[PDB]
Amino acid sequence: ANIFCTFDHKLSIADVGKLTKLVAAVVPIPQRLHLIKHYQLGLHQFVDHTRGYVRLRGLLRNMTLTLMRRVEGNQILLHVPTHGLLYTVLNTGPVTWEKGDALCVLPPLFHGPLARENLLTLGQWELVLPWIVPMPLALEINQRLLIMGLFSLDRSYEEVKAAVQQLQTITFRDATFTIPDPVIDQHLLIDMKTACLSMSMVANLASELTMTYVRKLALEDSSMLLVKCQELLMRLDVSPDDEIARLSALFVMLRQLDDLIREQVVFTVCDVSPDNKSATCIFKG
Amino acid sequence: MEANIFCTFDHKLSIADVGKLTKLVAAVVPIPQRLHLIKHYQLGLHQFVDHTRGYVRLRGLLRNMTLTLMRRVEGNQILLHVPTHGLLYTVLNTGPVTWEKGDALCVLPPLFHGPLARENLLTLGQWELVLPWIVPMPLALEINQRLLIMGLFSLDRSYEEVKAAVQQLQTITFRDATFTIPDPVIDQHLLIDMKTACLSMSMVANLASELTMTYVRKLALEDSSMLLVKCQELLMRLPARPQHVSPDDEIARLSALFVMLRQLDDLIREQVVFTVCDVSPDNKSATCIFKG
Amino acid sequence: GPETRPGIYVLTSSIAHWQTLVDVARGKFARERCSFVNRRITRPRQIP
Amino acid sequence: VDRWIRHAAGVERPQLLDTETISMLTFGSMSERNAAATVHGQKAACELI
Amino acid sequence: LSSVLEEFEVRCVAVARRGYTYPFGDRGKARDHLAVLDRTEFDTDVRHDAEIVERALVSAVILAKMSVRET
Amino acid sequence: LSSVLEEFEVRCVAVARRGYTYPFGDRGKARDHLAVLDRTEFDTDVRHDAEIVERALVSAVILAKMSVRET
Amino acid sequence: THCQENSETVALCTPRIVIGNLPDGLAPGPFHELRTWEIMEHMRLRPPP
């Protein structure tokens, strides 16, 4: 089993000399196929000048990852890893690695070239390789971005602008990052506008409805660990069809946000090549 | 561990009795024991048959059963194969639901479609072969949302009020297909799920940031949209907003809340088993990366 | 106590379903599930 | 009155058991604690009006 | 007792909502009295009023000493 | 300073809560004056109070023009 | 329309009320007389002698 690509565009030797440096890469493929166009390669087919982040990962979640192997005349010899076997995956480069790190895929967010970014353009077309990042950096950058979708609604406060100035600088082993602002041109992204409502809606409905369901379980007794919780539910203080539809309006907002939460690992770091030019990893997913 | 399972029959096969099983080749078959030579009495979900007529209890007892793909009808034996983690094998459709490329699949207990094809496809002196459905993930979890909203809805209502929402709740619709769902109503397992559910709803209500819970009201005057008009009706019961708080606290106030967002949604969540790739044109067979 | 002293539990079990393994964990760690509420009753600062 | 019944019968509830222990009852599980010394072997009885 | 007690639960709610805001040396000296502070009700008989308001004196009055660390 | 310092912030909060309710042609320029409208507070210093007030006058007076849409 | 307050060119929206609000070239008057003949026909009514 090997997956092939074809370049209908002519390949200048200067571009294939950068392409040979990609002995391996975590190239997404939307649909597994015996043969596929280069237009299907990368996240560039999903590129949007509007939605930005979140939609890039909600479409990336279904992508079939595949490593690069070898290159021939106007064609790529991609090879799909088997689960559990070791593979010499290339890094996307933002973060230096050390032994034992977890890894997971994230949408690209360039801040100039990354440590491993030889640009390759074939007439308007461009290849945006997905991030391979340690898991704690992914959960933290997701928290910073959802927090950016909260505070961006009211930019004007100097304490808030200093707040965004403080949270913008994530750090790691000799890292010096600066978080991109999703909310370009003042107006909120539609993805930030939806992801924030996905949590804030439950933040209101759970606060209003939590009493009625703990109520019937309060008179019942067992370990009675639940009965005490309502005393702190009271600290921050009637229709039938409204009670019906409202719960259906609850989980529909809760559920798509779970993709923003859970993030299955795809690789794990072991031995590290010098200057982090490559790293062996155990494929997963 | 074992790479394969075998079985033994009592009542003898005929032409149709072996042909219906050859029709089921390369299809999901749960087992509960994983012995090298399981008896047919232990085969299938029929061993969990319940005169009380439950459903969620069949699902929780189904949660621990091992899945094993069918293959090769040598005759007078099932010859099951044990799936390997991380690879792929072809899988026939069983549940009356259309499939699409790349969707997640999960195991769910069967329920009658309505017209009821009632094709047992196998029977003996009483024993039958009830194969659990393989269904797309959003359909697999939305029925859990129906059973859970059915549990919270049951409290403190008249029987006409108890069944008023049920006319919409038990008649789920998906991809033109429609399904009526018999329900346990109260089977303890729904209640213990309700206890961790409301316990999650309490902390999700309580871990929310003072600005995060207010964010809809901060957006309410900011914008005007019909989804926000639908947003607006739920929150209100019958304009000012505040802003404070140091920036650092949000990295904590949000972080632990993510665990509750899992713990609340975990009960409607189900473990994935299949990921379709090469859909068959005839809408029958479907190879799937990853297994149980 | 004010100074947490976390426990460590290696354990073997025939269970292979995480959705049920958390359920059997629900009623066994009743003091611990009570403890997660027991920090909110005293110290809103520092997230449990 | 139910507490007076459990007391007069001598069979006090073990804190209604664990909730998961109740969850295993639908599949069937032992409820009796094993007796200590048992020189006489397995016991059995039944009752009818 | 109508108009008088109607504001009694209101002031008791004010003692509670103000009371959660203030940290103490430990909640174990307060959590029981704080629980009785919000579990207060009013039995239908007037004779049970002696059991009502006096329990609030067992609770909220000590909380004022806990604000001052009185012995 | 009693009633003057007291009711000034109350009317200022009333102009704010009434002010967010009305949509404008852009949230850009208005949001800064809406921020200064809430951030104002009475410092203990006496001579700074005019800057506490006149800076709020830079806000709501422009908002009064935005109530009529002027220049 | 772009109604002009002082130093302004503010947008304005005035909903149509009558069906005859539509400009000619969208609802020309011969079309109104023709629809009026349809009303005199379908509604069963005649002028007095």
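Labelled according to the PDB entry, chain E appears under the name Tegument protein pp150, originating from Human cytomegalovirus. According to the record, the entry carries the title "An atomic structure of the human cytomegalovirus (HCMV) capsid with its securing layer of pp150 tegument protein".

As annotated in the PDB entry, chain D carries the name Major capsid protein and is attributed to Human cytomegalovirus.

A tally of helices and strands in chain D yields 2 helices and 0 strands. Overall size of chain D, expressed as C-alpha extent along the three principal axes, is 35 × 30 × 25 Å. Taken across its 49 residues, chain D has 4% of its residues classed as buried. Per element, the accessible surface of chain D, about 5,100 Å² overall, is 58% carbon and sulfur. One way to put it: in chain D the 5 positive side-chain charges average out to a point 5 Å from where the 6 negative ones average out.

The interface of chain D with chain B comprises 5 residues on the first partner and 6 residues on the second. Note on chain D versus chain B: buried area summed over both sides is about 440 Å², and carbon and sulfur give 58% of it. Broken down residue by residue, the surface that chain D buries against chain B is led by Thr19(D), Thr26(D) and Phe27(D), which jointly contribute 70%. Applying the counting criterion to the chain D and chain B interface returns 0 salt bridges. Between the two partners, chain D and chain B, sit 1 residue pair in polar contact. In the side of chain D that touches chain B, the residues fall into 1 nonpolar, 3 polar and 1 charged.

What holds strands together in a sheet is hydrogen bonding between their backbones, with the strands either parallel or antiparallel. Residues and elements named next belong to chain B. Strand order in the open sheet made by the 5 strands is β6-β12-β11-β7-β8, with antiparallel pairing throughout. Either end of the sheet is taken by a strand with one partner, and the two such strands are β6 (88-92) and β8 (133-136). Geometrically, the sheet is characterised by an average inter-axis angle of 45° between neighbouring strands, direction not taken into account. Two elements, strand β11 (residues 274-279) and strand β12 (residues 285-289), share 3 bridges in a ladder whose sense is antiparallel. Bridging from a neighbouring strand, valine 276 pairs with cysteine 288 of β12. Across the sheet, helix α3 (residues 137-153) touches β7 (104-108) and β8, and the angle it forms with β8 is around 100°.

Residues and elements named next belong to chain A. Taking 1.5 Å per residue, 30 residues should reach 44 Å; helix α5 (residues 190-219) reaches 44 Å between its end C-alpha atoms and fits that length. The largest bend along α5 measures about 40° and falls at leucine 209. The buried fraction of α5 amounts to 21 of the 30 residues, a majority that puts the element mostly inside the structure.

This brings us to the nonpolar core. Ranked by internal contacts, the top residues of the largest apolar core, which has 120 residues, are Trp97(A), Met199(A), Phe267(A), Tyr215(B) and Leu261(B). Sorting elements by how many residues they give to this core places α5(A) first, with 14 residues.

Turning our attention to the side chain of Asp183(B). Residues and elements named next belong to chain B. Following the sequence through the fold, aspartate 183 ends up in the loop between β10 (177-180) and α6 (189-207). As a buried residue without a salt bridge, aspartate 183 has its nearest oppositely charged side chain in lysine 163, at a separation of 4.7 Å. Excluding its chain neighbours within four sequence positions, the residues that come into contact with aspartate 183 are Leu147 and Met150.

This next bit is on the interface of chain A and chain B. Interfaces are often sized by the amount of accessible area the parts lose when they come together. Contacts between chain A and chain B engage 61 residues on the former and 60 residues on the latter. When chain A packs against chain B, close to 5,800 Å² is buried across both sides, 72% of that on carbon and sulfur atoms. Between chain A and chain B we count 4 salt bridges in total. Taking the shortest distance from any N to any O, the salt bridge between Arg241(B) and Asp154(A) comes out at 4.0 Å. Summed over the shared surface of chain A and chain B, the result is 8 residue pairs in polar contact. The set of elements that each furnish at least two residues to the side of chain A that touches chain B consists of α3 (135-151), α4 (158-167), α5, α6 (229-233) and α7 (240-261) of chain A. Sorting elements by how many residues they give to the side of chain A that touches chain B places α5(A) first, with 17 residues. When grouped by side-chain class, the residues that make up the side of chain A that touches chain B number 37 nonpolar, 11 polar and 13 charged.

Along the chain, the position of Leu211(B) falls in helix α7 (residues 210-213). For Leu211(B), a relative accessible area of 6% puts it in the buried group. Apart from the residues within four sequence positions on either side, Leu211(B) is in contact with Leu150(A), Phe151(A), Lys218(B) and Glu250(B).

Moving on, we get to the pairing of strand β9 (residues 267-272) of chain A. Residue and element names in this part refer to chain A. Pairing geometry for strand β7 (residues 102-106) and β9, over 2 bridges, is antiparallel. Counted as the bridge partner of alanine 102 is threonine 268 from β9. Relative to strand β10 (residues 279-282), β9 runs antiparallel, the two being bridged by 2 bridges. Residue pairing across strands places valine 272 opposite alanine 279, the latter belonging to β10. Here β9 hands over to β10 after 6 residues, with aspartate 275 in that stretch at a positive phi of 55°.

Residue and element names in this part refer to chain A. One open sheet accounts for 5 strands, arranged β2-β4-β5-β1-β3; its pairing is mixed. At either margin of the open sheet sits one strand with a lone partner, and together these are β2 (26-29) and β3 (35-37). Direction aside, neighbouring strands of the sheet carry axes that sit 45° apart on average. Looking at chain direction, strand β1 (residues 3-6) and β3 are connected through 3 bridges and run parallel. Looking at the pairing, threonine 6 lines up with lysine 37 of β3.

On to the side chain of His81(B), then. Residues and elements named next belong to chain B. Note that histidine 81 resides in strand β5 (residues 80-81). Judged by its relative accessible area of 15%, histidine 81 is buried. Within the local environment of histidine 81, its side chain forms a polar contact with the backbone oxygen of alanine 3, the two atoms lying 2.7 Å apart. Those residues in contact with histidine 81 that lie beyond four places of it in its chain are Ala3, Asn4, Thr68, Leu69, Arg71 and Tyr89.

So, about the pattern of salt bridges. Inspection of the entire model under this criterion finds 22 salt bridges over all chains. The closest approach of N and O atoms between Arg155(A) and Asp181(A), which form a salt bridge, is 3.3 Å. In this pair, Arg155(A) sits in the loop between α3 and α4 while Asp181(A) sits in the loop between α4 and α5, placing the two residues 26 residues apart along the sequence. On the basis of relative accessibility, which here comes to 26%, the residue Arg155(A) falls in the partly exposed class. Salt-bridge contacts for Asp193(B) lead to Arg59(B); the nearest nitrogen and oxygen are separated by 3.9 Å.

This brings us to unusual backbone geometry. At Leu79(B), a residue that is not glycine, the phi angle is positive and equals roughly 55°. Along the chain, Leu79(B) falls in the loop between β4 (66-70) and β5.

Conventions adopted
Residues numbered from 1 in each chain as written, not as in the entry; some residues may be left out. Chains lettered and ligands numbered in written order. Part of a larger assembly, values for the part shown. Heavy atoms only, no water. Residues with missing side-chain atoms left out of burial classes, pairs and counts. Helix = DSSP H or I, 4+ residues; strand = E, 2+ residues; numbered from the N terminus. Buried < 20%, exposed > 50% of the residue type's maximum accessible area, 1.4 Å probe, protein only. Areas by Shrake-Rupley, 256 points an atom, 1.4 Å probe, with all protein chains shown as cover. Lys, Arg positive; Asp, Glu negative; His and termini not counted. Charge placed at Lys NZ, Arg CZ, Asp CG, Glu CD. Contact = heavy atoms within 4.5 Å. Buried area = accessible area lost by both parts, 1.4 Å probe. Salt bridge = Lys/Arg side-chain N within 4 Å of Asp/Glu carboxyl O. Polar contact = N/O pair within 3.5 Å; in protein donor to acceptor, adjacent residues only side chain to side chain. Nonpolar A, V, L, I, M, F, W, Y, C, P; charged D, E, K, R; others polar. Pairing = 2+ DSSP bridges. Axes fitted to C-alpha atoms, helices over the stretch in contact; angles between N-to-C directions. Expected span 1.5 Å × (residues − 1). Bend = angle between axes of the 7 residues up to and from the residue. Core = buried A, V, L, I, M, F, W, Y, C linked by side-chain atoms within 4.5 Å.

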